[PDB]
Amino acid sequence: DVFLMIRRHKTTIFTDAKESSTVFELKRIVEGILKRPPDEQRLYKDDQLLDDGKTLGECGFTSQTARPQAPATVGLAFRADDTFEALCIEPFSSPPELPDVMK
């Protein structure tokens, strides 16, 4: 098992599957939630994109480095008409500064 958050723009999806599952299978799971197809979706780990045939483990996801409490981020970008859009992620809110009481 491996736990991850799939992110595009302001959207973020929490799910999981086998470390041995394929990037296409993950794309197919996105189709069950967001209703777009696998061939019109491009995934990514940080900056580098992913291959449909490789396992999530082969992509470097491992149970060790993508656990429930700290699930790994997976980039996502849609097929803009006759091309693909630039993978973009809206950052999360910024926390306040700590009060002096909490050192």
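Note that residue numbering begins at 1 and tracks the sequence as displayed. Rigid core: the largest C-alpha set superposing within 1.5 Å between the two forms.
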Core-aligned, RMS over all structures and residues: is 72-80 or 44-52 the stretch with the greater C-alpha displacement in 6 other deposited structures of this protein? 72-80
Please tell me which region, 8-16 or 82-90, has C-alphas lying farther from the displayed form on average in 6 other deposited structures of this protein, with superposition done on the core. 82-90
Quick one: higher average CA temperature factor, 64-72 or 51-59? 51-59
Mean CA B-factor: is it higher for 90-98 or for 75-83? 75-83
Residue 34: CA temperature factor from the record, placed by chain third, in the middle
Lowest, middle or highest third: which one holds residue 18 when the chain's residues are ordered by CA B-factor from the entry? lowest
